Every structure is written in structure tokens, then in C-alpha cells.
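Visitor: Got a structure for you, questions after.
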Amino acid sequence: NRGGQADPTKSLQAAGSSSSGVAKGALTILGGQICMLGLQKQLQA
Amino acid sequence: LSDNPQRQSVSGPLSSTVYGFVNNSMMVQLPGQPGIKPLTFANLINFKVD
């Protein structure tokens, strides 16, 4: 009792261990958006 | 009807069947000091089958 690195790719490396793949979410939102715009256009058509 | 904290509710017109009523009615929490225990291992064991 007296003594004596900035790696954005790492954000996707956690997708396998305690899954944290954020670009997978980015893919999901991008696909959702493309679907929304396609449906809105074709419904207006 | 056993304790299933991961039972999904029936939505839309499928909620208008007696069987769907059963599935939905097992979820409503009576305020009698609920003892239904939410699970602790649901985020580490992962299952992405579609």
C-alpha cells in the first residue's frame, strides 16, 4: 500500500463480433430510398 | 403459450381472428407487479436467416 489510429473500416470490422456493420444499414436505407422513389414515381404514373 | 418474450404481435386484418387474438392477448401486461422476465441473451447470439 506504500508502493513497490483513425480507421473507419474498423466500424465494419465489428459486423462479425457483436454485429455493428453500419454500411450494411447504409445499404438498407439506400435500397429503401430507391424503392420509395420508384414506387412514388410509378404510382404517380 | 409458454413464456415467450419474443412473441410477435399480429397486425392488420390478421389481428381480427380468434387465434391472432390469443397471440396478442398473451402480451398485455396486467399491472399486478409483473414478473415476466425479459431475456438477457438476445444481442450476442445472432441469427440472420431469411
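The way I read the labels, and the way they are meant: chains A, B, ... in the order of the C-alpha cells, residue 1 as the first residue of every chain, and ligand 1 as the first ligand shown, with later ones counted on from there.
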Can you list, as an MDAnalysis selection string, every protein, DNA or RNA residue that comes within 12 Å of residue B:35 when you count only C-alpha atoms, leaving out same-chain residues fewer than 6 positions away?
Guide: chainID B and resid 3 5 29
Visitor: Just checking: using only C-alpha atoms, which residue out of A:33, A:20, A:28, A:44 ends up closest to chain B?
Guide: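 Using only C-alpha atoms, the shortest distance to chain B belongs to A:20.
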Visitor: Counting only C-alpha atoms, what are the residues of chain B within 10 Å of chain A, and for each of them which pair of atoms is the nearest and at what distance in Å, to one decimal? Sort the table by chain and rising number, as CSV.
Guide:
```
residue,atom,partner,partner_atom,distance
B:43,CA,A:18,CA,7.5
B:44,CA,A:18,CA,6.0
B:45,CA,A:18,CA,8.6
B:46,CA,A:19,CA,8.2
```
Visitor: Considering only C-alpha atoms, return as a PyMOL selection string whatever protein or nucleic-acid residues lie within 12 Å of stretch 4-8 of chain A, sequence-local ones (same chain, fewer than 4 positions apart) excluded.
Guide: chain A and resi 12-14+21-23
